[PDB]
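The data below hold one chain only, encoded as structure tokens and taken in the form deposited in one PDB entry.
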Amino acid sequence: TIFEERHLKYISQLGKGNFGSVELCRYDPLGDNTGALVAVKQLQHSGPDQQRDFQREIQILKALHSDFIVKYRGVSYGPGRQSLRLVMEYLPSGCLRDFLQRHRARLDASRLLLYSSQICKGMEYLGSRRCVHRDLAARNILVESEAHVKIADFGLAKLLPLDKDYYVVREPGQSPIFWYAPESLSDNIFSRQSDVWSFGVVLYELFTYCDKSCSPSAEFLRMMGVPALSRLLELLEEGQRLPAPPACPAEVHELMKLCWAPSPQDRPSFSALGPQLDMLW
């Protein structure tokens, strides 16, 4: 629950992003290099709202207990009472994005659908706890094992007040626009309904095995052509969508098309999506 910085022997960097970073540390009090491995998140440079946003990320993940959400192990303190580091479980297989590229000859559509089912189930749970992820993408999903995935990175995640079912953000979204729904693009509105849209892009990502050539960014920019955001909005408002991934089963592509309904209230819920994905196995 509380990790001492003196017993957290740093190994490598696991990745960087959103004013902070994740480090592969070893929690070994004995100082012998024989202890458990943990994923440790800090901010590379602290800020005003940055420290508050990180503090909220910790609260959110502390309160999330699902087989499809990366486990919170605790915190490591410095000043009183600023929670300097966030300690999570270490999933050696890392990102689904990189795992997909590395193992695509081994992973069939059955396995891709299992992943989808698990990502969906975890999003069902988030929605149940009034949590908008706001940054669902294959880069933000982790691999526990060959048949197990968990949703990670809650750095942009928000909690819906009980009176409101949508959330309007002020600061522009510094994440690739290719995952945002039109209402996020145009009016900075985020919901479980926008997370569903971003899930369709995750299904796209899965069935393209995160190929860089037909990636959401690569393929939309190719379709585009004015500011880039405006060009994307025009495209999607005309009803233009990402093409069917090569060799993708039609039923899956149809589910992507569904997640990509222009209006948020026409998109299926994760509760509704889940058994549909289970039908495909």
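What we label the rigid core is the largest C-alpha set whose atoms superpose within 1.5 Å from one form to the other. The numbering used is simple: start at 1 and walk along the sequence shown.
Worksheet item: After a core fit, does 7-15 or 257-265 show the bigger CA gap to the shown form in 4 other deposited structures of this protein?
Response: Output: 7-15, the stretch lying farther off on average in 4 other deposited structures of this protein.
Item to complete: Could you check whether 70-78 or 102-110 drifts more from the shown form in 4 other deposited structures of this protein, using RMS Cα distance once the core is superposed?
Response: Result of the core-fitted comparison in 4 other deposited structures of this protein: 70-78 deviates more.
Practice prompt. Check whether residue 85 has no coordinates in at least a third of the other compared PDB entries of this protein, counting only entries that model residues on both sides of it.
Written response: No, residue 85 has coordinates in all the other entries compared.
Discussion item. So residue 225 is built in this one, but is it left out in a third or more of the other compared PDB entries that include its neighbours?
Written reply: Affirmative; at least a third of those entries omit residue 225.
Fill in: Between neighbours residue 49 and residue 48, residues that the deposited sequence lists but the model omits
Gap size class: none, per the record.
Worksheet entry | Which of 94-102 and 121-129 has higher mean CA B factor, as the PDB entry lists it | Comparing 121-129 with 94-102, the higher mean C-alpha B-factor belongs to 94-102.
Worksheet item: Per the entry, where is the mean C-alpha temperature factor higher: 235-243 or 30-38?
Response: In the deposited entry, the stretch with the higher C-alpha B-factor mean is 30-38.
Worksheet item: In this PDB entry, which of 89, 205, 135, 163 has the top CA B-factor?
Response: The C-alpha B-factor peaks, among 89, 205, 135, 163, at 163.
Worksheet item: If you check the C-alpha B-factor for each of 182, 74, 173, 200 in the entry, which is highest?
Response: Going by the entry's C-alpha B-factors, 173 comes out highest.
Fill in: Third of chain Cα B-factors occupied by residue 220
Answer is middle: the recorded C-alpha B-factor places it there.
Worksheet item: Comparing residue 187 with the other modelled residues of its chain, is its CA B-factor in the lowest, middle or highest third?
Response: It belongs to the middle third of the chain when residues are ordered by C-alpha B-factor.
Worksheet item: When the modelled residues of the chain are sorted by Cα temperature factor, does residue 158 land in the lowest, middle or highest third?
Response: Middle third - that is where residue 158 ends up once the chain's C-alpha B-factors are sorted.
Item to complete: Compare the C-alpha B factor of residue 115 with those of the other modelled residues in its chain, then answer lowest, middle or highest third.
Response: For residue 115, the deposited C-alpha B-factor lands in the lowest third.
Item to complete: Grab the CA temperature factor for residue 44 from the record and place it in the lowest, middle or highest third of its chain.
Response: Within its chain, residue 44 is a highest-third residue by C-alpha B-factor, going by the deposited values.
The discussion below concerns the form deposited with a small molecule bound, not included here.
Worksheet item: Within 4.5 Å of the small molecule in the entry with it bound, heavy atoms considered, which of 178, 167, 209, 125?
Response: In short, 178.
Fill in: Listed residue (255, 244, 232, 58) with a non-hydrogen atom within 4.5 angstroms of the small molecule in the entry with it bound
Flagged contact: 232.
Fill in: Among 45-53, 215-223, 25-33, 244-252, the region lying within 4.5 Å of the small molecule in the entry with it bound by heavy atom distance
One stretch meets the cut-off, namely 215-223.
Worksheet item: Can you check whether residue 197 is within 4.5 Å of the small molecule in the entry with it bound, heavy atom basis?
Response: Residue 197: yes, in contact with the small molecule in the entry with it bound.
Worksheet item: With the partner left out of view, is residue 132 within 4.5 angstroms of the small molecule in the entry with it bound by any non-hydrogen atom?
Response: Taking the distances in the entry with it bound, the answer for residue 132 is no, it never comes within 4.5 Å of the small molecule.
Discussion item. Within 4.5 Å, heavy atoms only: does residue 270 come near the small molecule in the entry with it bound?
Written reply: Contact check for residue 270: no, nothing within 4.5 Å of the small molecule in the entry with it bound.
Practice prompt. May I ask you to state whether residue 236 is within 4.5 Å of the small molecule in the entry with it bound, using heavy atom distances?
Written response: Yes, residue 236 lies within 4.5 Å of the small molecule in the entry with it bound.
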